[PDB]
Amino acid sequence: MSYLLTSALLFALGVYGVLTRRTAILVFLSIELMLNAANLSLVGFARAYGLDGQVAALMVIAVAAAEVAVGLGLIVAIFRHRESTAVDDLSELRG
Amino acid sequence: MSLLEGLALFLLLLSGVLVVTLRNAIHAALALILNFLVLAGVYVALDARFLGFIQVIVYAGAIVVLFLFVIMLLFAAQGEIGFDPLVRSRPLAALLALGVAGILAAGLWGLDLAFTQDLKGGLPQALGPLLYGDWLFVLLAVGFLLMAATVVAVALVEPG
Amino acid sequence: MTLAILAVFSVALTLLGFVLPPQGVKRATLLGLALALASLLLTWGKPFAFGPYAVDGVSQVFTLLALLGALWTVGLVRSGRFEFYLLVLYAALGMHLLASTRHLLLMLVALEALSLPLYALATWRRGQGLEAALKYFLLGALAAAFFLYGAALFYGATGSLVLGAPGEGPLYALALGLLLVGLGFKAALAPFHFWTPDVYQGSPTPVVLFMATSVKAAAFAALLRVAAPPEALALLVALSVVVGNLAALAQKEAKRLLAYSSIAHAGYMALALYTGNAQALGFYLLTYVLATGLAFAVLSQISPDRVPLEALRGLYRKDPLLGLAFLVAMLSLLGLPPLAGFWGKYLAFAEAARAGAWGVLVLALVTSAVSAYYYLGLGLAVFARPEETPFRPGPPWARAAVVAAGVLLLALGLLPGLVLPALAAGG
Amino acid sequence: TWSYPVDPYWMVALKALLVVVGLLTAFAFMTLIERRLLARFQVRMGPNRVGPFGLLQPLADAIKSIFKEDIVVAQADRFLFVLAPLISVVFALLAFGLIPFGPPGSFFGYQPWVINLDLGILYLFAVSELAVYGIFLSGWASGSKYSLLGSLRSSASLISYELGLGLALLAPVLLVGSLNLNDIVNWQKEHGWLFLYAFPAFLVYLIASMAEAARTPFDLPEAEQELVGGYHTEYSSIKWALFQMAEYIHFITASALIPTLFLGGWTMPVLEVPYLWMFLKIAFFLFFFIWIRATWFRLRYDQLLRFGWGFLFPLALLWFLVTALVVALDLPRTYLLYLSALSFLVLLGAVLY
Amino acid sequence: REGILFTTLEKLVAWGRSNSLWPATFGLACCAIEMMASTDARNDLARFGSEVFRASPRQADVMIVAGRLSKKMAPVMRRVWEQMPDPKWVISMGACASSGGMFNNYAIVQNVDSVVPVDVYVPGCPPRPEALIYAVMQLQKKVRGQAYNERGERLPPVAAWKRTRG
Amino acid sequence: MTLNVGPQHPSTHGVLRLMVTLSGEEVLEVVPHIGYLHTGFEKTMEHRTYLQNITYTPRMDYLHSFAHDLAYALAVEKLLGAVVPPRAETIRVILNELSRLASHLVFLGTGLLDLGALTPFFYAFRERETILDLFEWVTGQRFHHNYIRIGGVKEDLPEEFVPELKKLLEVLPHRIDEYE
Amino acid sequence: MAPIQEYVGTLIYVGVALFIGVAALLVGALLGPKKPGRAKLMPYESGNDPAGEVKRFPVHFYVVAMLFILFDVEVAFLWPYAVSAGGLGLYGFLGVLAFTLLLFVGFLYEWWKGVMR
Ligand code: SF4
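Residue numbers (PDB author numbering), protein chains in the order written: chain K, 1 to 95; chain J, 1 to 160; chain N, 1 to 427; chain H, 2 to 354; chain 6, 16 to 181; chain 4, 26 to 205; chain A, 1 to 117.
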C-alpha cells in the first residue's frame with residue numbers, strides 16, 4: 001500500500017513540475033516521471049493479481065518511448081529555426 | 001521490512017523533488033536516472049527482475065540520452081531563459097497538487113487486497129506464454145506502432 | 001480480414017511507393033482503402049474474433065465512416081506528398097484497431113497510434129501547423145498519463161485488463177473517470193477542447209476534415225464500450241454545448257467555428273451514452289459525418305487552408321450546386337427535418353429521457369436553438385456578397401461526391417427508418 | 002544462484018575488494034607490456050631500464066600523475082567535471098565480479114566469481130550504456146563544443162554498436178536456453194564450445210567487441226592527429242588517466258567476454274585444470290587485439306556507420322533469426338552446426354582476397 | 016604540493032617524476048624530423064620513459080622547443096607555453112631555438128629565453144639525435160637534484176619553477 | 026563552426042592557421058593564414074657571400090637539400106662561366122637522387138602515420154637512417170648536406186662508401202615492395 | 001529462480017567501487033600546487049577557441065539516437081522469446097518473424113534514403 005501512496009505522490013509531483021515549468025522540454029521531462037509512477041502502481045497490483053502488470057508495464061514503456069521520440073522530433077523541428085524553449089511564448093494561434 | 005523499505009521510498013521521492021525544482025536541465029535529468037535506479041531496485045525487491053533490467057535499459061540507456069542530445073543540441077542547460085507570463089500560477093499549481101493526491105488517497109484507503117500469490121515473477125520464463133499467444137495482438141500492434149513512429153520521425157525532419 | 005489488408009498493404013506500400021511516382025502512390029492508397037472497406041461490406045452481418053480482437057457490427061459501422069473520410073481527403077489533395085497519405089493509412093488502421101477490442105491496453109495503444117501521425121499531418125509545413133501540432137501532442141501525452149493511470153486502477157480494481165468487470169464502488173468509480181479523461185480529450189469533449197479550434201486554424205482544411213471526423217467517431221465509438229456515471233456526462237455535455245455556442249458568437253473564422261460546432265455535437269453524442277445504444281449512436285454519427293464531411297469539402301474548394309467566414313460568401317454564383325450543398329449542410333448541422341440530423345438528435349434525446357435527466361436535456365434543447373444563428377449566418381450569405389475572390393473549381397471527383405452527399409442527407413431525412421432497422425447488431 | 006549456494010556478505014565484500022584492486026594491477030602491467038610488445042614488433046626495443054624491463058615504471062607514472070592540480074577552467078560545470086570520470090570508471094569496474102573463473106565454489110572453498118547471475122547478459126548490456134553517459138557528459142562539462150561534437154559522434158557510434166552486441170547475445174542464449182553464465186559454461190561442458198555452433202555470430206560479436214573503443218574503429222578519436230576526441234583534451238592530471246583507464250578496463254572486460262561466450266570461461270575438453278585455461282584465453286584475445294592495434298588502421302566513421310548500419314546489425318539479426326528458427330523448430334541442431342561452419346568457409350572464400 | 020614529508024619522500028616522488036617524464040615536443044622547423052628520428056627505430060626513448068607523447072600539453076609538461084620562431088609566431092607560442100600546468104620545463108632544442116644562428120633579421124625573433132625560462136640548452140642545428148638523448152638525461156639528472164653549474168654555482172632541480180603560472 | 030585550426034594542432038607535422046569555414050560535415054572554404062615561419066633569408070644572404078649562401082639552401086627544404094644546392098651551384102657556375110668534372114656531376118646526381126628518395130621517405134612516412142596506422146613509418150625511418158648514415162659519412166653531417174663547393178664537391182668519396190651504398194641498394198627493392 | 005542474496009551482492013560491489021573512486025578523487029582534490037590559470041582556461045585548438053560560428057548541428061545524431069531506441073525495444077522482446085521458445089512452438093516463431101520483419105522496414109527505408117540527409 002505504501003508503494004501505492006508513493007506512486008500517487010510521484011504523479012502529483014510531476015504535475016507540479018509540468019505546471020510550474022513553462023519551458024516545454026522540462027514539462028516533457030516531468031510527464032515521463034508520471035508515466036513511471038504508473039508502472040510502479042502496476043507492480044503493486046501485480047502482487048495482488050498475478051504479474052500481468054509486468055507485461056503491461058513493458059507495453060506501456062514501449063509506448064512511452066515512442067511518444068518521447070516523436071515529441072522530441074517535434075521539439076526539434078520547432079526550434080530548428082526558432083530559439084524559444086518555453087512555448088506559451090509562441091501563441092500565434094490564440095483567439 | 002519498513003526500515004530499509006521506508007528509506008528507499010524517502011530517497012525515491014526525494015529524487016522526484018529534485019527534478020521538478022531543478023532549472024539545471026542536466027541536474028534534473030541526472031536525478032531522474034537515479035530515480036529509476038531506486039525504482040529498479042525496488043522492482044527487484046518486489047520480485048520483478050526483467051522489468052528491473054528493462055527500466056534501466058530503456059529509460060536510462062536510451063531515453064534520457066536522446067533527450068540530452070537534444071537539449072545539448074539546443075544549447076540550453078537551463079530553463080531559466082526568460083521570466084514567466086504568470087507567476088500567480090505557482091501557488092495555484094501547488095494547491096491542485098494536493099487535491100489530486102487527496103482524491104487518490106481517499107479512494108485507496110478503503111481497500112486492501114492480496115499481495116501474495118506467487119514469488120519470483122520477474123522471470124521471463126512464465127511470462128513468455130502469456131505474451132506469446134495472448135498479448136500477441138498488442139505485440140504486433142506495438143511492432144507496427146514503432147515502425148510508423150520511425151516513418152513519422154523521419155517525416156518530421158526532412159519532408160518527402 | 002480488413003485488418004489483414006491494412007497491415008500488409010501498409011507494410012508493402014511503404015517501400016514500394018519509391019518505385020511509383022507519388023500520383024501512382026496516391027492511386028495505390030486509394031485502392032487499398034477501398035479494398036479494406038470492401039472487405040467490411042462483404043462481411044457485414046457476421047462477427048469475427050481471433051482473440052480479444054473482435055470485429056463487431058459497431059466497429060464495422062464506424063470504420064465505414066472513417067475509411068470514407070480518409071479516401072476523400074486524399075482525393076482532395078494532389079499538391080501533397082505520398083507520406084501524407086501513408087500516415088493517414090496508418091492512422092486509419094490504428095482506429096480500426098481501437099474499435100475492435102475491449103482489451104484496454106490495446107485501446108490505449110490505439111489512441112496513440114492514431115494521434116502520432118496526425119501531428120505530422122498537421123502541417124503543410126507552415127509555422128502555424130507546428131504550434132497547433134505541438135499543443136495537441138503535449139496535451140495528448142498528458143491525458144495519456146491519466147488514461148494510463150485509469151487502466152492501472154482497472155488492473156487495480158480487478159485482475160481484468162479488459163472491459164467488463166463490476167468492482168465495488170469508489171476505487172473502481174474513480175478509475176473509470178480517468179478513462180473518460182483520455183477519451184474526453186480524444187473526442188475533444190469539454191473541458192478537454194480548448195486547443196481544437198486553434199489547432200484547426202493552424203492546420204490546413206483537408207487534414208482537419210479527417211481529424212474532425214474520424215477521431216471523434218473513434219472516440220465516441222470506444223467510449224461506448226466503456227460505461228459511466230450520468231452526472232459526469234451531464235457536466236461535460238453542458239460545458240461543451242454552452243462554451244461551443246458562446247465562443248461561436250466570438251468567431252470570425254471558419255476553422256475555429258467548426259471546432260466549436262463539433263463540440264456541441266459531441267455534447268449531443270454523449271447523450272446517447274446514457275443507454276449506450278449504438279443503434280441510435282450509430283445512426284447519429286453516420287449522419288453527422290456526412291454533414292461534417294460536406295462542410296469541409298466545400299471549404300477546401302474555397303481554400304484548403306484558413307479563410308475567414310466572409311470570404312466564403314456568394315457561393316451560389318460560383319456554382320449553384322455548391323451553394324445548395326453547403327446550404328443543406330448548414331441546415332443539417334442545425335439538425336432540421338427533413339434531414340436526418342433531426343431524427344439523430346431526437347434519438348439521442350430518447351435515450352436521455354429514459355435516463356430521466358431533465359435539466360440537462362432541457363438546456364440541451366435551448367442551446368440547440370442558439371446554434372441556428374451561425375447556420376443561417378452562413379447559409380443565406382451563400383446567395384449574397386457578390387464579390388468574388390480566390391475560388392478553386394476542383395475535379396469532377398469531389399463535385400459529384402458532394403452533391404451525392406447533400407442528397408443522401410435529405411434521403412435519410414426522409415427514410416432514416418431504412419438503414420436503422422438493420423443497424424448495430426454487434427456483429 | 003539457487004542452484005549453487007551463496008557466500009555471506011562479508012566474504013563477498015572481501016572478494017570484491019580484492020578483485021577491484023586486482024584489476025588495477027591487471028591494467029598496470031598490461032600497458033607496460035603492450036608498449037614494449039609493440040616496440041619489438043616495431044624494430045625497436047621497449048623499456049629495459051628503471052626496471053629492469055621497466056618494471057617499476059607504472060608506479061613512477063602514477064606518482065608523476067599526481068602532484069598536479071587537475072585544471073578547472075572558467076566556464077566550467079563543477080560537479081559534472083569531477084563526476085563524469087568517476088561514473089564511467091565505476092561502470093567499467095562493475096560487471097566483472099559477475100564472472101566466475103573456475104568451477105563452482107572451488108576457489109579454495111569460496112566462490113571464484115564475486116557475484117553471478119541467472120540473468121547475466123542483461124546486466125552486462127545494461128552497464129555498457131552507462132559509460133557512454135559519461136562520454137558525452139565530460140564533453141558538456143568541459144563546455145568545449147569541439148570536444149562536445151566529437152563526443153556526439155562517439156556516443157552515437159558507440160551506441161549503434163551497442164545494439165549489435167544485443168543481437169549477438171541472443172544467439173547462445175537460445176542454445177543453452179539461458180543467460181546464466183554458469184549454465185552456459187556447463188552446456189559447453191557437455192555439448193561443446195559456442196564457437197562451433199555459430200561461426201558467423203562469432204564474427205559479428207568480435208567485430209562488435211571492437212566497438213568498446215578498442216581501435217580499428219579508431220577514429221575514436223584521439224586529439225593526436227585528428228579532430229579531437231571528447232572526454233580528454235580539456236582535462237589534465239589524474240582525470241585524463243581515468244578516461245584512459247576506463248577504456249582499458251572495457252578492453253579487458255571484453256577480453257574476457259569473448260572467451261566466455263564462444264569458448265566458455267576456463268574449461269578445456271582436453272584436461273581440466275581450473276584457473277589456467279581462463280588466463281590463457283584472455284591472454285590470447287589480448288594479443289590478438291594488439292595485432293589488430295598494429296596492423297590495422299583508421300576508418301573514417303562515415304565508413305563505419307555505413308558498415309554497422311547497412312551491414313552489421315541487419316545481418317546479425319538475420320543470422321540470429323536463422324538460429325532462432327532452428328531452435329524454435331526443435332529439430333536436430335546438427336544441420337546448423339553443419340551450416341555455420343560451412344557458411345563461414347563460404348563467406349571467407351567468396352572474398353578470399 | 017609536490018612530494019615531501021621527510022627527506023625520503025620528496026626525493027622518492029622526484030625520482031618517480033623524473034623517470035617518468037613525458038615529452039611534449041613542440042616542432043616548428045627542421046628539428047622535427049630529427050626529433051622523429053630521436054624516437055624511431057634504432058633510437059629508443061623506451062627505457063627513458065619518454066616513449067610517451069601526448070597532443071594535449073595539458074597532459075604533458077616537458078617542452079622541447081624544437082624549430083625556428085617568428086615574431087608572428089611568438090605570441091602564439093606564448094599562449095602555447097601558457098597552456099601548461101604547474102610543473103613544466105623548457106628544453107631549448109638546438110641552435111635555432113637557443114639563439115637563432117645566422118638569421119639576424121629585423122624580421123625575426125632570436126634567443127627564445129626572452130619569452131620563456133630555459134633549463135636546458137642543447138645547441139646544434141641539428142645536433143646528433145643522441146645529444147637530445149643526452150639532454151634528456153641531463154634534464155633527468157637535473158631534476159634528480161644533483162644539478163650544478165660549471166661556475167661552481169648550485170643549480171636547483173627546478174629553474175623554471177622560477178617562472179610561475181599562478 | 027568556423028574553426029581556426031592553428032599551428033601544430035592537432036599534432037600536424039606542419040604548422041599554419043586555417044580559418045575553416047565548415048558547412049557541417051562538408052567544409053565550405055579554407056581561408057589560409059601563415060607568416061608563422063617567415064624569416065627573410067633572401068635579405069640576409071644579400072649581406073653574405075655566395076659561398077656562405079650555400080648554407081641557407083638546406084634550411085629551405087631539407088627533405089631534399091640537394092636540389093637547392095644544385096640549382097644554385099649550377100646557376101652561379103653558369104653565370105660567370107665554369108665547367109664541372111664528369112665525376113662530379115655523376116656523384117652529384119647520385120646524391121641528389123638519394124636526397125630525392127629521402128624526401129619521398131618523409132612524404133610517405135607522414136602519410137602513413139598521419140591517417141591510418143602509425144607503424145610503417147618506423148621501417149621507412151630505418152631506411153632513412155641508412156640514407157642519412159650514408160650522408161653522415163660523406164658530408165660529415167646527418168643533414169643540411171654540404172659537400173658541393175661549387176664546381177664539384179670538396180673532395181672525392183670514401184671508397185668504403187661504395188660498398189655501403191651497395192648494401193642499401195640491395196635491400197631497398199625488396200623492402201619497398203612491402204611498403205607499397 | 002534466483003537467490004535474493006546475489007542482489008545483496010550487487011549492492012556490495014557498487015559500494016566498494018564508490019569508495020575507491022572517492023579515494024582517488026580525494027587525492028586529486030588536495031594534492032598538487034594551488035596555482036591557478038587565467039588564460040589556459042581558454043580552449044585547446046591551438047589556443048584558439050572553437051567559437052567562430054554558433055549554429056545548429058546535424059539531425060544525423062537525432063536519427064541515430066531515435067533509431068537505437070526503437071531497436072532497443074525490439075531487442076527487449078526478443079529476450080523473453082529467447083527464454084521460452086521451442087515450448088512456444090511454431091506459433092511463437094511465426095509471430096516473432098512477423099514482428100521482426102516490421103522493424104526491418106525501418107532499416108530499409110533508411111537504406112534507400114541514406115542516414116546522411
Ligand atoms: S636547432 Fe637544429 S634541429 Fe632544430 S630547427 Fe635548427 S636545424 Fe633543425
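We put the beta carbon where it would ideally sit given N, CA and C, even for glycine.
Going by DSSP, what residue range makes up the beta strand (DSSP E) through residue 42 (chain 6)? Numbered from 1 along the fifth sequence, position 27 holds the residue referred to as residue 42 (chain 6). Annotation for residue 42 (chain 6): the continuous beta strand (DSSP E) segment containing it runs 38-42.
Do residue 300 (chain N) and residue 396 (chain N) have their C-beta atoms closer together than 7 Å? What you label residue 300 (chain N) is simply residue 300 of the third sequence in a count that begins at 1. What you label residue 396 (chain N) is simply residue 396 of the third sequence in a count that begins at 1. It is not a contact, given that the beta carbons lie outside the stated cut-off.
Does any C-beta atom of chain A lie closer than 7 Å to the C-beta of residue 32 (chain 4)? Stepping through the sixth sequence from its first residue, residue 32 (chain 4) is reached at position 7. So yes, residue 32 (chain 4) belongs to the interface.
Tell me where the alpha helix (DSSP H) around residue 57 (chain 4) begins and ends. Along the sixth sequence, one-based indexing puts residue 57 (chain 4) at 32. Not the alpha helix (DSSP H): residue 57 (chain 4) falls in the beta strand (DSSP E), residues 52-58.
Heavy atom of the ligand SF4 within 6 Å of residue 161 (chain 4) beta-carbon: On the sixth sequence, residue 161 (chain 4) is found 136 positions in, with the first residue counted as 1. Between the ligand SF4 and residue 161 (chain 4), a heavy atom-to-CB distance of less than 6 Å is absent.
Beta-carbon proximity list for residue 39 (chain K), same chain, < 6 Å, skipping 5 on both sides: Taking the first sequence and counting its residues from 1, one reaches residue 39 (chain K) at position 39. Here the set comprises 57.
Assigned secondary structure, residue 61 (chain 4) (DSSP; H/G/I helix, E/B strand, else coil): Locating residue 61 (chain 4) in the sixth sequence gives position 36, where the first residue counts as 1. Look at residue 61 (chain 4) here: in three-state DSSP terms it is coil, with no helix or strand label.
For a test of your reading of the model: does the CB of residue 144 (chain 6) fall under 6 Å from any non-hydrogen atom of the ligand SF4? Yes or no. As a working mapping, residue 144 (chain 6) is identified with position 129 in the fifth sequence. No, the beta carbon of residue 144 (chain 6) sits no closer than 6 Å to any heavy atom of the ligand SF4.
Element boundaries [alpha helix (DSSP H), containing residue 162 (chain 4)]: Mapped onto the sixth sequence, residue 162 (chain 4) falls at position 137. Note, residue 162 (chain 4): alpha helix (DSSP H), 146-164.
Beta carbon proximity, residue 147 (chain N) to chain K, threshold 7 Å: For the purposes of this step, residue 147 (chain N) is taken as residue 147 along the third sequence, with counting starting at 1. Taking Cβ atoms only, chain K never reaches closer than 7 Å to residue 147 (chain N), which makes this a no.
The ligand SF4 heavy atom lying under 6 Å from the CB of residue 154 (chain 4): Along the sixth sequence, read from residue 1 onward, the residue named residue 154 (chain 4) stands at position 129. Not under cutoff, so the answer is no.
Output needed in chain order: residues of the stretch 72-100 of chain A with a Cβ under 9 Å from some Cβ in chain J. 72, 73, 74, 75, 76, 77, 79, 80, 81, 82, 83, 84, 85, 87, 88, 91, 92, 95, 96, 98, 99 and 100
Should residue 74 (chain A) be counted as a contact of the ligand SF4 given a C-beta to heavy atom distance under 6 Å? Sequence index remark: in the seventh sequence, residue 74 (chain A) carries index 74 (1-based). For the ligand SF4, not one heavy atom lies less than 6 Å from the Cβ of residue 74 (chain A).
Sub-7 Å separation of residue 114 (chain N) and residue 123 (chain N) beta-carbons: Counting from one through the third sequence, the residue named residue 114 (chain N) turns up at place 114. Counting from one through the third sequence, the residue named residue 123 (chain N) turns up at place 123. No, the Cβ-Cβ distance between residue 114 (chain N) and residue 123 (chain N) is not below 7 Å.
Can you give me, in chain order, the residues of the stretch 5-39 of chain J that have a beta carbon less than 9 Å from any beta carbon in chain N? Those would be none; no residue qualifies.
Under the three-state DSSP convention, the category residue 72 (chain J) falls into: Along the second sequence, one-based indexing puts residue 72 (chain J) at 72. The answer is helix: DSSP assigns residue 72 (chain J) an H, G or I state.
Do residue 102 (chain N) and residue 3 (chain N) have their C-beta atoms closer together than 7 Å? In the third sequence, counting from the first residue as 1, residue 102 (chain N) sits at position 102. In the third sequence, counting from the first residue as 1, residue 3 (chain N) sits at position 3. Their beta carbons are not under 7 Å apart, which means residue 102 (chain N) does not touch residue 3 (chain N) by this criterion.
Beta-carbon within less than 7 Å of residue 60 (chain J)'s beta-carbon, same chain only, minus the 5 sequence neighbours each way: which residues are those? On the second sequence, position 60 is the one that residue 60 (chain J) refers to. Excluding positions up to five away in sequence, the list reads 33 and 36.
Would you kindly check if the distance between the Cβ of residue 190 (chain N) and the Cβ of residue 239 (chain N) is under 7 Å? Counting from 1 along the third sequence, the entry for residue 239 (chain N) is found at position 239. Counting from 1 along the third sequence, the entry for residue 190 (chain N) is found at position 190. In contact: residue 239 (chain N) and residue 190 (chain N) (Cβ atoms closer than 7 Å).
Compute the Euclidean distance between the alpha carbons of residue 5 (chain J) and residue 41 (chain J), then round it to the nearest angstrom. In the second sequence, counting from the first residue as 1, residue 5 (chain J) sits at position 5. In the second sequence, counting from the first residue as 1, residue 41 (chain J) sits at position 41. So the two alpha carbons sit approximately 11 Å from each other.
Are the Cβ atoms of residue 93 (chain H) and residue 209 (chain H) separated by less than 7 Å? Taking the first residue of the fourth sequence as 1, we reach residue 93 (chain H) at position 92. Taking the first residue of the fourth sequence as 1, we reach residue 209 (chain H) at position 208. Cβ distance not < 7 Å, so residue 93 (chain H) and residue 209 (chain H) don't count as in contact.
Does the Cβ of residue 140 (chain H) lie closer than 6 Å to at least one heavy atom of the ligand SF4? Against the fourth sequence, residue 140 (chain H) aligns to sequence position 139. Not under cutoff, so the answer is no.
With a threshold of 7 Å on Cβ separation, who are the neighbours of residue 25 (chain N) within its own chain once the five nearest residues in sequence on each side are excluded? The residue you call residue 25 (chain N) lines up with position 25 of the third sequence. Around residue 25 (chain N): 17, 82 and 85.
Any heavy atom of the ligand SF4 closer than 6 Å to the CB of residue 141 (chain 6)? Position 126 of the fifth sequence, counted from the start, is the residue given in the question as residue 141 (chain 6). It does: the Cβ of residue 141 (chain 6) is within 6 Å (strictly closer) of some heavy atom of the ligand SF4.
Is residue 82 (chain 6) near the ligand SF4 - that is, is its Cβ less than 6 Å away from at least one heavy atom of it? Reading the fifth sequence from its first residue, position 67 is the one you call residue 82 (chain 6). If you check the C-beta of residue 82 (chain 6) against the ligand SF4, you find a heavy atom less than 6 Å away.
Please report the residue range of the alpha helix (DSSP H) in which residue 29 (chain K) lies. To locate residue 29 (chain K), count along the first sequence from 1; it is residue 29. Residues 24-49.
May I have the straight-line CA-CA distance separating residue 251 (chain H) from residue 213 (chain H), to the nearest angstrom? The residue given as residue 251 (chain H) occupies position 250 in the fourth sequence. The residue given as residue 213 (chain H) occupies position 212 in the fourth sequence. Rounded to whole angstroms, the separation of the alpha carbons of residue 213 (chain H) and residue 251 (chain H) is 6 Å.
Distance, residue 71 (chain K) Cα to residue 65 (chain A) Cα: Residue numbering aside, residue 65 (chain A) sits at position 65 when the seventh sequence is read from its first letter. Residue numbering aside, residue 71 (chain K) sits at position 71 when the first sequence is read from its first letter. Spanning the two alpha carbons is a distance of roughly 14 Å.
Give every residue of the same chain whose Cβ lies closer than 7 Å to the Cβ of residue 91 (chain 4), excluding the five residues on either side of it in the sequence, and list them in chain order. Taking the first residue of the sixth sequence as 1, we reach residue 91 (chain 4) at position 66. Same-chain partners within the cutoff: 120, 121, 124 and 170.
Closest by CA to residue 168 (chain H), which one among 325 (chain H), 158 (chain H) and 344 (chain H)? Looking up residue 168 (chain H) in the fourth sequence gives position 167. When each option's Cα is compared against that of residue 168 (chain H), the closest is 325 (chain H).
Which whole-angstrom value is the C-beta distance of residue 175 (chain N) and residue 159 (chain N), which I expect to be below 8 Å? The sequence position of residue 175 (chain N) within the third sequence is 175, counting from 1. The sequence position of residue 159 (chain N) within the third sequence is 159, counting from 1. Their Cβ separation, rounded to whole angstroms, is 14 Å, which puts residue 175 (chain N) and residue 159 (chain N) out of contact at 8 Å.
Is the shortest distance between the beta-carbon of residue 74 (chain 6) and the beta-carbons of chain H less than 7 Å? Walking along the fifth sequence from the start, residue 74 (chain 6) turns up at place 59. With 7 Å as the cut-off, residue 74 (chain 6) counts as an interface residue toward chain H.
Considering only residues of the same chain and omitting the five flanking positions on each side of residue 142 (chain H), which have a CB-CB separation below 6 Å? As a working mapping, residue 142 (chain H) is identified with position 141 in the fourth sequence. For residue 142 (chain H), where only same-chain residues beyond five positions count, the Cβ hits under 6 Å are 78, 81, 82 and 85.
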